[PDB]
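Here is the structure we will look at, set down as structure tokens.
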Amino acid sequence: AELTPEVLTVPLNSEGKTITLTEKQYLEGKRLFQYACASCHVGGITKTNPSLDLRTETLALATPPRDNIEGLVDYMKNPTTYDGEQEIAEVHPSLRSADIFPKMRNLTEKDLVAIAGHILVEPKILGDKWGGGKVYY
Amino acid sequence: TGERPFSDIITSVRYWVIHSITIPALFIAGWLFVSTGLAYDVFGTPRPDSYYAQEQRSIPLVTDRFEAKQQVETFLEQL
Amino acid sequence: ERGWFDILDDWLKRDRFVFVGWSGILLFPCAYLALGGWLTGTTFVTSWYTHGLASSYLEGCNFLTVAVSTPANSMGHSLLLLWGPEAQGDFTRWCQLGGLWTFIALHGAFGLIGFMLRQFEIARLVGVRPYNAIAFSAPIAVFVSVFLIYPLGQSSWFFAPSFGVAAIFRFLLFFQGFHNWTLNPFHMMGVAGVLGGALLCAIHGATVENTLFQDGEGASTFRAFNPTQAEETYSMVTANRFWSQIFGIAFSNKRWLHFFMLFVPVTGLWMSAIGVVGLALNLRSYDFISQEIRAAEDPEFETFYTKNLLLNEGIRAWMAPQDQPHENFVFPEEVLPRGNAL
Amino acid sequence: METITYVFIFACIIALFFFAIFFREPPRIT
Amino acid sequence: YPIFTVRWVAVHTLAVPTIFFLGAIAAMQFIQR
Amino acid sequence: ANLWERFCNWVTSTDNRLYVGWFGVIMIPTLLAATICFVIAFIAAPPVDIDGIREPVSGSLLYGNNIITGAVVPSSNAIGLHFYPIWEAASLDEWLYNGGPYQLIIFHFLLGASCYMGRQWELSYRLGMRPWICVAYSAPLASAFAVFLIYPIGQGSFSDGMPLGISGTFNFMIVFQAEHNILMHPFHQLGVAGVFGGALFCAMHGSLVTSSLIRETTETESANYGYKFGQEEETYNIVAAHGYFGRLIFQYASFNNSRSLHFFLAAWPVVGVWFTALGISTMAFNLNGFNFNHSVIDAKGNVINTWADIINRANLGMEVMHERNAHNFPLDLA
Amino acid sequence: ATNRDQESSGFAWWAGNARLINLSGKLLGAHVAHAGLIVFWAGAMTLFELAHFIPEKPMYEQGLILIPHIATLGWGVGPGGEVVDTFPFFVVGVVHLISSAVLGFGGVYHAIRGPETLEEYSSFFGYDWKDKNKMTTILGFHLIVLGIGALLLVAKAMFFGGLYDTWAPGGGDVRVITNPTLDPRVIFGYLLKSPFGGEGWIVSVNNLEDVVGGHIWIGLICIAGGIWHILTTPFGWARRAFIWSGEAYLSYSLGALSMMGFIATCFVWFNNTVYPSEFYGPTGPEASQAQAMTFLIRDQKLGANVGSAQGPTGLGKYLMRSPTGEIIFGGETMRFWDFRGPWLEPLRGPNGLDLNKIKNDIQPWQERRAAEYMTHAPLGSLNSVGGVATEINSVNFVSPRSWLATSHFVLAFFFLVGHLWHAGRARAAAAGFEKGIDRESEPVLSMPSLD
Ligand code: CLA
Ligand code: CLA
Ligand code: CLA
Ligand code: CLA
Ligand code: CLA
Ligand code: CLA
Ligand SMILES: CC1=C(/C=C/C(C)=C/C=C/C(C)=C/C=C/C=C(C)/C=C/C=C(C)/C=C/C2=C(C)CCCC2(C)C)C(C)(C)CCC1
Ligand SMILES: CC1=C(/C=C/C(C)=C/C=C/C(C)=C/C=C/C=C(C)/C=C/C=C(C)/C=C/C2=C(C)CCCC2(C)C)C(C)(C)CCC1
Ligand SMILES: CC1=C(/C=C/C(C)=C/C=C/C(C)=C/C=C/C=C(C)/C=C/C=C(C)/C=C/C2=C(C)CCCC2(C)C)C(C)(C)CCC1
Ligand SMILES: CCCCCCCS[C@@H]1O[C@H](CO)[C@@H](O)[C@H](O)[C@H]1O
Ligand SMILES: CCCCCCCS[C@@H]1O[C@H](CO)[C@@H](O)[C@H](O)[C@H]1O
Ligand code: OEX
Ligand SMILES: [Cl-]
Ligand SMILES: [Cl-]
Ligand SMILES: [Fe+2]
């Protein structure tokens, strides 16, 4: 099996548009996800709130939908609760609270796209293991 | 006993002449065994792209005793 | 000396750097094939088709994780000969089917025979009593019980230990979870023999070294010994008084002391072997029935023995699906035993 | 009966310790 | 002193594959998935 | 002399059937207290709320245990590392509930066994011996400190110290494997090498010397009668032993120097057991065995399991079941 | 080759350095060259840390042990432990590195070129191990040095910018210590504190005023003791108690270092004042306390009444009482109730954790720090996979606390062995039987038999 262009093709936006990532963006996404996110989201779960995971199906039912690049990029700028009712920048890292989440300070727009790309690609490779937690180790 | 001491042998110029060639030739031969991919086919070990087909969800486990050879062959054909 | 046999015997027993002997015709090729089989498999051979596992340096494993893994359960107790009906002389297929496992196990078994014959043969030529060979029966009983008897009692070789560091650890944990092997009194005598042996080793070496006579001027005392000297290099008298006053009892007879050093770990390993023969048949020391009846009837009764069985049931449920792939275990999340939160 | 048996075997071992120590075969330097 | 002895064969049955294997494993360090 | 100088002379006397000594003066009472408490608790103590969740675990024979299941149970997790002597409790009833006997036993025992080690130095000085037997004993002693004191300290609680019983010890091993992957820790591996090697060289040394006893006895009488206590001549022939072993392997793989041979016998298990102790004492601070979970990945990014991953699956079983009512939050952090 | 063989010195190669026992000049060499390795490591390791260092990631995510030490002294950091300037880190590394060439020079010179013995050449620098007066005098010199070393800490703290204060009101910050603790009832009080839980002996010191006052006391005590030892010779009760030999003085020092190693292990494991969690990561207790705080926050946000929520065992799921009644976090972390930390103390009232404050006063920064500390618990593998032992690879983390505790437990342990080895060897050599038992004067042969 291979990490092919099909595996790397993911929804760009809510309207059905896709984007094909390069192998380099994928690797970048994995690296930056480790650098800034995996301490709480290793494996697609959330250590500090296990009710919410990074599974594609979960992301799709967030408000606004987070199952696409644009949704994830926006999350990383201005994170909300799952119903979109509340802005949680003060306790979740984002570009908006780079003062208090210092690893966010040198993430470029392109970095945010790469991480979003990682989050959307991993479950296409790992299946239910992504966001599955220890049951699936 | 009898044999020349190792001490003698491995400090002798003639030893180093012979082995400054044989040691590196074997090492390089070892390297090529892997770099050519020859190791994978002799032993039947999968390369990183040959463990699973592109959409396969299960392991090619042998489940037959007397036609396991043929199963591996089948399992190998669809990759 | 006379005929060809006696000439060959002459040659076999020559006093060289590595003694050969008659036992060498058995020993050397089987030890060498067992070892080179191990190095070959751990270096280049997969376990994908037998276990769904990577197991070689070629695939990315390291020293702690490579193995020559057992054949697939579907192979039963097949000898798995290169030229057998499974591989049919195909070397690549053979490797893929687990052929190196039985290769290493059987050559290792004949090599071990050879080593012990080498111990009888050398002792006979040097004119000593063959106690070393006799002591080596303990390693033999362990290898034979664990690598042969055990899997022969079970469904197939798949359940033997695979030849690897991490693979052997898995074997340990399987024995805890499935057989509750720590509870077994034959394993306990094994532990006593191994830890008592190690204690006897430390304590004897330290006692000799600390009741040495001053037979030299050097502050390093190793040079103040002569292999051919008549006298004891240390004082048994002082050693005896020291232990008597420290511990309450001491050896007084050096022949006893040494015999005891043979006896303890040898007897230990023999006892563990007997328990493992038991486990070949699932004849475990798994439970204490009286504890189970009390615990079934009294939900406030708890002991370390009940606590460890909950651990075992965790081990079985959680490891079986990947550890026994031929069973196709699917255990939906809701059935898995788990305590609160974890 | 079960506790008694365990304690009895244990007590026999402790007594055996005391005799092995204080009423041992004395070591003789001859 | 002879050259080709038992000791000599014993040494080389071991040392020869060893170096061959060490080059093979060295090459493996550069394999990527 | 004066009353004190007589006392000193007695304490340090080389002539007492059991040496007393200054270390002995601390060792005797502490070990007696530990022994007595241990025996009484093992037979008769009520159930102990080890995990501080009001779930008392029965350790004693009278409360339904046998020799194998029985234990003196660690003190309550609600205590942690607090010092819990008998006078800190409102009553003995409470003391027993909370596992006070465990702290009393292990504290007097550790002090006593430390003095036991000092005493070994002491007697060897009184007897004109070289002094290092005590150093060999530091290896088991360090191991005892590892499971009864250091581990509790690292983890914040005596409820995680090794239980003083047979099945208890196994419980400790199993939870330890789940939490630290001790098997994959190289200090534990050195420990195994240490005890397996110790057994081996024991069987070896025993057998080499025995095989070499000089003919001194009749075909009927025990060969042990061939050796007399205190005799000056060595009772076996070390040259014959070396002749055998040097040929079994090769000449230089064998010892002809009894002194360096006995040194190796001391050093091998002692150093390996030091590493064992240090394994436990460093996993006390959560520096754990090698983790190769999901280390092999395929070309796509599928995880290819190894034997490390099957180990992980077994560890997970232990993890999720252990202390099944004690965790409320998702991570077990001590 | 004056006694550089076993025949001349009677010490084998592997005991080679024992050949130096009465070669003061060569031995000074050994000692100066050695301090050079120490100072060398400090400087090069610092530079390596600085080269690898990304200022925006926590130190504790970067495998740093030395930069955290520099920062705690107040260099290079500002509010919350934010790195404002790496140049002090740089200065510290360079100056150690340069200095080590000087020590290395001196060391190599005395070891290899200068006079092997110093007694012929100089009586001030020469010494005999058995000269009880010279020995106390050298000791006395080093006590004065050590004292000044302690006073440099004080100087930094009071007159040269202060120290990083994790407890600083309003948040952690560098702060000048103007009112250090001088009352001997407080300073010496710490020494008489129990080492058990909720007490922690000196490991408990929880403010910089005590830390500064303690070093004022120690600097004075050490200078005073140094003067004392230069001016005096040992009293006769001391003369009769000790072995007076190079090997024995080593053994005493080995014992004191083992002890200090052990203390250091507990200091870094439990203490978050002189090892600020901002730099070193959270303590084990702290991280465990952070998890219960994290879920208390989460669940109460969801509507849970955290005070009356009964857990499966009957104890409160989130809150419960310590054995002395104080309100504390529940679940396993009950053991950690003695933990105190600046993100947590705002919620603590006179009775322990305050339910009024928990319901109303939890600030976002507290949620943030607890989430951070929960997820940087000091657990990880030897190959630096962060997490529990069953965690998958992804996070490259082992806390600086685990590295510092484990390394120093190992070191303290082997030093204890070293102490037993040398103490026992020194005793035997002083009495004359370190080489074995005299076959013709075997002590046991002259004693009455035991039975
Ligand atoms: C002492 C040396 C020794 C011993 C005891 C063994 C033993 C074994 N080898 Mg190993 N091997 C050896 C050396 C040895 N080998 C050497 C030097 C090599 C390199 C060439 C190998 C390479 C090798 C491979 C590749 C394999 C083995 C295998 C085996 C196993 C099965 C062998 C078998 O069925 O033989 C059957 C034959 C005999 C027992 C010989 C009979 C001799 C009698 C006394 C005389 C009979 C002769 C006969 C009547 C005349 C011809 C018949 C004609 C009339 C039709 C067994 C464990 C197999 C295995 O491990 O599978 C897992 C396997 O696949 N070996
Ligand atoms: C560790 C194993 C071991 C050792 C060290 C000994 C040692 C001894 N045996 Mg004992 N023996 C053994 C196992 C062993 N035996 C087994 C399993 C049997 C079969 C029941 C015997 C049957 C036996 C008899 C009947 C006698 C001895 C005797 C002896 C003594 C002289 C040496 C000898 O005759 O060896 C014999 C040689 C061997 C054990 C090695 C055999 C090597 C085989 C032929 C290799 C076969 C390759 C195989 C065909 C490959 C196919 C594998 C297949 C699975 C595919 C000595 C005490 C004699 C005695 O006591 O003198 C006083 C004596 O009379 N042996
Ligand atoms: C910190 C580690 C350390 C230090 C500082 C020393 C120091 C010393 N050793 Mg010990 N030794 C050590 C570890 C150490 N040793 C270890 C690990 C072993 C076991 C292998 C030994 C085994 C041993 C033996 C057997 C002996 C010593 C002896 C000595 C002394 C004389 C050396 C000599 O004559 O060399 C001659 C060597 C040379 C001329 C080669 C060059 C050596 C120089 C110093 C290298 C410097 C390189 C360095 C990069 C230069 C920087 C320069 C720059 C600052 C300008 C010297 C004081 C001897 C003794 O005690 O004498 C009385 C002696 O017989 N050592
Ligand atoms: C107080 C001692 C100490 C401590 C706590 C640390 C801690 C750390 N170092 Mg520093 N370091 C040290 C001394 C120390 N080091 C020394 C002496 C050197 C020079 C070789 C270094 C050079 C160095 C480099 C170049 C790097 C670190 C890095 C690190 C981090 C990861 C370490 C790792 O992965 O180890 C892996 C574990 C081991 C290699 C195993 C050590 C096992 C020893 C050998 C066991 C032997 C025990 C005992 C001493 C032997 C006694 C024998 C007995 C018979 C008597 C960690 C923060 C890394 C980093 O993150 O930097 C930012 C990094 O790249 N270190
Ligand atoms: C503490 C370690 C130490 C000790 C006890 C000595 C002692 C001695 N040295 Mg060695 N040496 C050392 C370290 C040491 N030295 C270092 C680091 C170097 C390299 C610079 C040398 C290089 C050296 C040489 C090349 C020579 C000596 C010589 C001497 C002798 C005469 C010194 C004298 O009379 O000066 C009296 C005092 C002064 C001249 C003033 C000293 C000024 C100092 C440097 C400033 C104050 C330092 C302060 C305390 C801070 C120290 C730094 C610290 C934090 C690390 C005497 C045996 C001579 C010799 O042995 O004769 C044959 C000789 O030729 N030394
Ligand atoms: C490295 C530091 C150091 C060293 C190695 C020494 C070494 C020595 N000192 Mg000096 N001293 C020092 C620093 C040092 N001193 C300082 C800083 C001061 C100023 C306060 C002094 C003031 C001083 C005086 C006034 C005296 C000495 C004396 C001595 C000698 C014997 C000491 C002895 O037997 O104590 C061992 C300890 C005892 C005998 C006390 C009993 C043991 C108790 C019960 C141990 C309790 C500790 C325990 C482990 C717990 C630790 C924590 C605790 C605080 C609760 C010896 C030469 C004596 C002497 O000969 O002067 C010339 C003496 O009278 N010293
Ligand atoms: C199987 C088989 C066979 C055989 C083969 C062989 C015989 C092989 C051999 C092989 C070999 C013979 C190999 C070798 C290898 C080796 C190696 C690979 C090594 C390595 C080493 C190392 C790595 C080292 C390490 C170390 C140690 C050990 C300790 C010290 C330190 C160190 C770390 C260095 C045949 C053909 C018959 C048939 C079929 C099958
Ligand atoms: C005696 C002896 C010994 C030892 C010795 C020793 C121990 C020595 C030491 C030595 C030393 C201790 C040395 C040191 C040196 C140092 C140096 C030489 C340095 C320099 C530096 C520099 C040059 C720097 C630079 C820089 C800068 C400035 C900036 C940043 C970057 C850099 C880093 C580039 C032995 C064992 C061999 C044995 C014999 C005897
Ligand atoms: C800085 C600081 C501080 C303070 C500190 C201090 C104040 C310290 C002191 C310390 C001290 C003040 C210590 C002491 C020590 C001592 C010792 C460690 C001792 C030892 C002894 C010995 C070892 C003895 C021996 C002996 C005996 C017992 C008997 C007879 C014989 C002889 C003499 C051998 C504080 C915490 C506030 C805060 C933080 C910082
Ligand atoms: C292949 C090993 C079997 C050896 C046992 C058979 C010995 S057989 C023996 O051999 C003699 C020479 O030594 C011959 O002279 C004689 O005719 C023959 O009977
Ligand atoms: C050998 C030691 C030489 C040390 C040099 C003294 C630097 S003292 C200097 O003082 C300032 C306040 O006055 C602080 O703000 C600054 O950080 C500090 O470095
Ligand atoms: O207590 Mn005994 O065991 Ca050390 O981990 Mn946490 O805590 Mn409890 O769970 Mn897992
Ligand atoms: Cl449990
Ligand atoms: Cl919990
Ligand atoms: Fe012996």
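In the structure tokens, each chain is lettered A, B, ... as it comes, each chain's residues begin at 1, and ligands are numbered from 1 in order of appearance.
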
Counting only C-alpha atoms, which residues of chain G sit at most 7 Å from some atom of chain F, and what is each one's closest atom pair with its distance in Å to one decimal, listed by chain and rising residue number, as a Markdown table?
```
| residue | atom | partner | partner_atom | distance |
| --- | --- | --- | --- | --- |
| G:196 | CA | F:82 | CA | 5.3 |
| G:197 | CA | F:82 | CA | 4.0 |
| G:198 | CA | F:82 | CA | 6.6 |
| G:288 | CA | F:333 | CA | 5.7 |
| G:292 | CA | F:329 | CA | 6.9 |
| G:312 | CA | F:325 | CA | 6.9 |
| G:313 | CA | F:53 | CA | 5.9 |
| G:315 | CA | F:53 | CA | 7.0 |
| G:317 | CA | F:328 | CA | 6.7 |
| G:322 | CA | F:78 | CA | 6.9 |
| G:323 | CA | F:78 | CA | 6.9 |
| G:331 | CA | F:328 | CA | 5.4 |
| G:332 | CA | F:327 | CA | 6.0 |
| G:334 | CA | F:78 | CA | 5.8 |
| G:335 | CA | F:80 | CA | 4.6 |
| G:336 | CA | F:156 | CA | 6.7 |
| G:378 | CA | F:286 | CA | 6.6 |
| G:379 | CA | F:286 | CA | 4.9 |
| G:380 | CA | F:287 | CA | 5.7 |
| G:381 | CA | F:288 | CA | 4.3 |
| G:382 | CA | F:290 | CA | 5.3 |
| G:383 | CA | F:290 | CA | 5.7 |
| G:385 | CA | F:291 | CA | 6.5 |
| G:388 | CA | F:179 | CA | 6.6 |
| G:389 | CA | F:180 | CA | 5.3 |
| G:390 | CA | F:312 | CA | 5.7 |
| G:392 | CA | F:293 | CA | 5.2 |
| G:393 | CA | F:293 | CA | 6.0 |
| G:402 | CA | F:285 | CA | 5.5 |
| G:405 | CA | F:285 | CA | 6.7 |
| G:406 | CA | F:282 | CA | 4.9 |
| G:410 | CA | F:278 | CA | 6.4 |
| G:417 | CA | F:135 | CA | 6.8 |
| G:420 | CA | F:135 | CA | 6.8 |
| G:421 | CA | F:132 | CA | 6.7 |
| G:424 | CA | F:131 | CA | 5.2 |
| G:425 | CA | F:131 | CA | 6.4 |
| G:428 | CA | F:130 | CA | 6.6 |
| G:433 | CA | F:128 | CA | 6.1 |
| G:434 | CA | F:130 | CA | 5.6 |
| G:436 | CA | F:130 | CA | 6.3 |
| G:437 | CA | F:129 | CA | 6.6 |
| G:443 | CA | F:127 | CA | 6.3 |
| G:444 | CA | F:127 | CA | 6.6 |
| G:448 | CA | F:15 | CA | 6.9 |
| G:450 | CA | F:17 | CA | 5.5 |
```

Contacts with ligand 5 at most 7 Å, only C-alpha atoms and all ligand atoms counted, listed as a PyMOL selection string: chain G and resi 25+28+32+102-103+105-107+109-110+114-115+118+122+125

Just-selected residues, N, CA, C and O atoms written as a PDB file, in the first residue's frame:
```
ATOM      1  N   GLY G  25      51.779  15.828  44.255  1.00  0.00           N
ATOM      2  CA  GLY G  25      51.877  16.702  43.092  1.00  0.00           C
ATOM      3  C   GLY G  25      51.104  16.123  41.934  1.00  0.00           C
ATOM      4  O   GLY G  25      50.219  16.781  41.373  1.00  0.00           O
ATOM      5  N   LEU G  28      47.317  16.249  42.955  1.00  0.00           N
ATOM      6  CA  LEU G  28      46.762  17.592  42.715  1.00  0.00           C
ATOM      7  C   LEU G  28      46.384  17.726  41.228  1.00  0.00           C
ATOM      8  O   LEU G  28      45.304  18.200  40.890  1.00  0.00           O
ATOM      9  N   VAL G  32      42.797  18.741  39.744  1.00  0.00           N
ATOM     10  CA  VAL G  32      42.602  19.924  38.930  1.00  0.00           C
ATOM     11  C   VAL G  32      42.139  19.546  37.515  1.00  0.00           C
ATOM     12  O   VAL G  32      41.242  20.191  36.953  1.00  0.00           O
ATOM     13  N   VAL G 102      41.802  26.431  31.255  1.00  0.00           N
ATOM     14  CA  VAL G 102      42.728  26.833  32.291  1.00  0.00           C
ATOM     15  C   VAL G 102      42.949  25.738  33.345  1.00  0.00           C
ATOM     16  O   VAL G 102      44.107  25.364  33.636  1.00  0.00           O
ATOM     17  N   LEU G 103      41.847  25.222  33.912  1.00  0.00           N
ATOM     18  CA  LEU G 103      41.930  24.061  34.816  1.00  0.00           C
ATOM     19  C   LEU G 103      42.597  22.864  34.144  1.00  0.00           C
ATOM     20  O   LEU G 103      43.458  22.222  34.751  1.00  0.00           O
ATOM     21  N   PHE G 105      44.685  22.893  31.702  1.00  0.00           N
ATOM     22  CA  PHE G 105      46.101  23.235  31.639  1.00  0.00           C
ATOM     23  C   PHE G 105      46.806  22.912  32.956  1.00  0.00           C
ATOM     24  O   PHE G 105      47.743  22.101  32.967  1.00  0.00           O
ATOM     25  N   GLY G 106      46.364  23.546  34.045  1.00  0.00           N
ATOM     26  CA  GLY G 106      46.939  23.285  35.381  1.00  0.00           C
ATOM     27  C   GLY G 106      47.031  21.796  35.720  1.00  0.00           C
ATOM     28  O   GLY G 106      48.049  21.319  36.252  1.00  0.00           O
ATOM     29  N   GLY G 107      45.969  21.065  35.348  1.00  0.00           N
ATOM     30  CA  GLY G 107      45.787  19.676  35.707  1.00  0.00           C
ATOM     31  C   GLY G 107      46.800  18.876  34.955  1.00  0.00           C
ATOM     32  O   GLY G 107      47.483  18.032  35.535  1.00  0.00           O
ATOM     33  N   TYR G 109      49.500  19.920  33.666  1.00  0.00           N
ATOM     34  CA  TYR G 109      50.852  20.296  34.050  1.00  0.00           C
ATOM     35  C   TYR G 109      51.273  19.538  35.304  1.00  0.00           C
ATOM     36  O   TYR G 109      52.283  18.837  35.269  1.00  0.00           O
ATOM     37  N   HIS G 110      50.502  19.661  36.393  1.00  0.00           N
ATOM     38  CA  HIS G 110      50.844  18.981  37.648  1.00  0.00           C
ATOM     39  C   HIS G 110      50.857  17.479  37.554  1.00  0.00           C
ATOM     40  O   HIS G 110      51.647  16.817  38.241  1.00  0.00           O
ATOM     41  N   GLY G 114      55.015  18.917  36.537  1.00  0.00           N
ATOM     42  CA  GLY G 114      55.446  19.434  37.821  1.00  0.00           C
ATOM     43  C   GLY G 114      56.003  18.351  38.741  1.00  0.00           C
ATOM     44  O   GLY G 114      56.089  17.159  38.367  1.00  0.00           O
ATOM     45  N   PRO G 115      56.382  18.750  39.957  1.00  0.00           N
ATOM     46  CA  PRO G 115      56.952  17.773  40.894  1.00  0.00           C
ATOM     47  C   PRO G 115      55.914  16.727  41.344  1.00  0.00           C
ATOM     48  O   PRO G 115      54.817  17.084  41.782  1.00  0.00           O
ATOM     49  N   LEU G 118      55.003  17.286  46.503  1.00  0.00           N
ATOM     50  CA  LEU G 118      55.072  18.704  46.758  1.00  0.00           C
ATOM     51  C   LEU G 118      55.786  19.055  48.053  1.00  0.00           C
ATOM     52  O   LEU G 118      56.062  20.235  48.266  1.00  0.00           O
ATOM     53  N   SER G 122      57.700  22.500  48.713  1.00  0.00           N
ATOM     54  CA  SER G 122      56.897  23.481  49.454  1.00  0.00           C
ATOM     55  C   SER G 122      56.268  22.823  50.655  1.00  0.00           C
ATOM     56  O   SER G 122      55.796  21.686  50.574  1.00  0.00           O
ATOM     57  N   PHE G 125      52.012  23.861  50.517  1.00  0.00           N
ATOM     58  CA  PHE G 125      51.208  23.044  49.624  1.00  0.00           C
ATOM     59  C   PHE G 125      51.387  21.541  49.846  1.00  0.00           C
ATOM     60  O   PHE G 125      50.478  20.749  49.560  1.00  0.00           O
TER      61      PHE G 125
END
```

* Please identify the residues whose atoms come within 12 Å of ligand 15, using only C-alpha atoms and all ligand atoms, and report them as a PyMOL selection string. => (chain C and resi 200-209+232-236+251+253-262) or (chain F and resi 201-210+212-213+234-238+241+255+257-266)

Using atom 4 (C, counted along the ligand's line) of ligand 1 and CA of residue 88 in chain C as the two end points, give the distance in Å to one decimal.
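We find that atom 4 (C, counted along the ligand's line) of ligand 1 and CA of residue 88 in chain C lie 19.8 Å from each other.
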
**OP:** Report as JSON, numbers by chain the set of chain B residues whose atoms approach chain F to within 12 Å, with distances computed over only C-alpha atoms.
**Re:** {"B": [1, 5, 6, 46, 47, 48, 49, 50, 51, 52, 53, 54, 55, 56, 57, 58, 59]}

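Rounded to one decimal, CA of residue 298 in chain G and CA of residue 127 in chain A lie 28.4 Å from each other.
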
Return as a JSON list (two decimals) with N, CA and C atoms, in the first residue's frame the residues belonging to chain E that are within 12 Å of chain F, counting only C-alpha atoms.
```json
[["chain", "number", "residue", "atom", "x", "y", "z"],
["E", 7, "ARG", "N", 41.08, -24.29, 14.41],
["E", 7, "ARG", "CA", 40.89, -22.96, 14.96],
["E", 7, "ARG", "C", 40.62, -21.99, 13.82],
["E", 10, "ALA", "N", 37.06, -22.60, 12.47],
["E", 10, "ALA", "CA", 36.13, -22.11, 13.48],
["E", 10, "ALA", "C", 36.04, -20.57, 13.46],
["E", 31, "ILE", "N", 17.35, 2.66, 4.73],
["E", 31, "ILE", "CA", 16.02, 2.38, 4.16],
["E", 31, "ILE", "C", 14.95, 3.24, 4.80],
["E", 32, "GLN", "N", 14.09, 3.84, 3.97],
["E", 32, "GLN", "CA", 12.94, 4.61, 4.42],
["E", 32, "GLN", "C", 11.68, 3.96, 3.93],
["E", 33, "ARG", "N", 10.57, 4.18, 4.62],
["E", 33, "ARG", "CA", 9.34, 3.59, 4.16],
["E", 33, "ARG", "C", 8.84, 4.40, 2.94]]
```

Taking only C-alpha atoms and all ligand atoms into account, produce a table as a tab-separated table in which each residue of chain F with an atom at most 8 Å from an atom of ligand 13 appears once, together with its shortest atom pair and the distance in Å to one decimal, ordered by chain and rising number.
```
residue	atom	partner	partner_atom_place_in_ligand_line	distance
F:171	CA	ligand 13	1 (Cl)	6.2
F:172	CA	ligand 13	1 (Cl)	8.0
F:175	CA	ligand 13	1 (Cl)	6.6
F:321	CA	ligand 13	1 (Cl)	7.0
F:322	CA	ligand 13	1 (Cl)	3.7
F:323	CA	ligand 13	1 (Cl)	4.3
F:324	CA	ligand 13	1 (Cl)	7.2
```

Written selection (C-alpha atoms) as a PDB file, in the first residue's frame:
```pdb
ATOM      1  CA  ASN F 171       0.285  -8.214  42.215  1.00  0.00           C
ATOM      2  CA  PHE F 172       3.152  -5.729  42.606  1.00  0.00           C
ATOM      3  CA  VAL F 175       0.970  -3.658  38.083  1.00  0.00           C
ATOM      4  CA  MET F 321      -8.227  -3.895  35.424  1.00  0.00           C
ATOM      5  CA  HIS F 322      -5.851  -3.058  38.257  1.00  0.00           C
ATOM      6  CA  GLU F 323      -7.474  -1.325  41.239  1.00  0.00           C
ATOM      7  CA  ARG F 324     -10.736  -1.412  39.321  1.00  0.00           C
TER       8      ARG F 324
END
```

Legend entry - All residues having an atom within 8 Å of ligand 3 (only C-alpha atoms and all ligand atoms) as a ChimeraX atom specification: /G:1-5,12-20,23,26-34,37,100-112,116

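With a cut-off of 7 Å and using only C-alpha atoms and all ligand atoms, the polymer residues contacting ligand 2 are residues 26, 79, 106, 110, 112, 113, 114, 116, 117 and 140 of chain C.
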
* Asked: Near residue 18 in chain A, within 9 Å and counting only C-alpha atoms, which residues show up once chain neighbours fewer than 3 positions away are dropped, as a ChimeraX atom specification?
  -> /A:9-13,68
